[PDB]
């Protein structure tokens, strides 16, 4: 019997700071949870994928997801969210991106990410419980940008490093 699998550790990301992740390939990019009602696993899909089922381990649980990215040029981030510790995941939002950069921030009782389509990506907020203790698990290398420099973060998200 194969126990687990196990996961890289999560990071108690300080509030008011953007984590700017730079994944290079498809798969799970980052996971975030308030340990109460929101568990978010962000997956990345390369260009030119017509409908197929892929397997991901989300918070250590192996799940099959039917994925699609018809764009020939943009990569596609997909927010997979469950709302109970044992619950099923569903797609809650997406980011279509030429830059392959993803952002996550804990701020003012909310978890913030970017959604939409570069170069016009815009932020999305989720109300969470005990937001300062939200755990963020990066599967990618990342940079940290203060919220005071959010205009710079928006520029990287939309136009690249």
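Positions refer to the first chain, counted from 1.
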property	result
Stretch with the greater mean C-alpha B-factor as recorded in the entry, comparing 103 to 111 against 63 to 71	63 to 71
Which of 48 to 56 and 26 to 34 has higher mean CA B factor, as the PDB entry lists it	48 to 56
Entry-reported Cα temperature factor of residue 153, expressed as the chain third it lands in	highest
Position of residue 120 among the chain's modelled residues by C-alpha B-factor, lowest, middle or highest third	middle
Position of residue 81 among the chain's modelled residues by C-alpha B-factor, lowest, middle or highest third	lowest
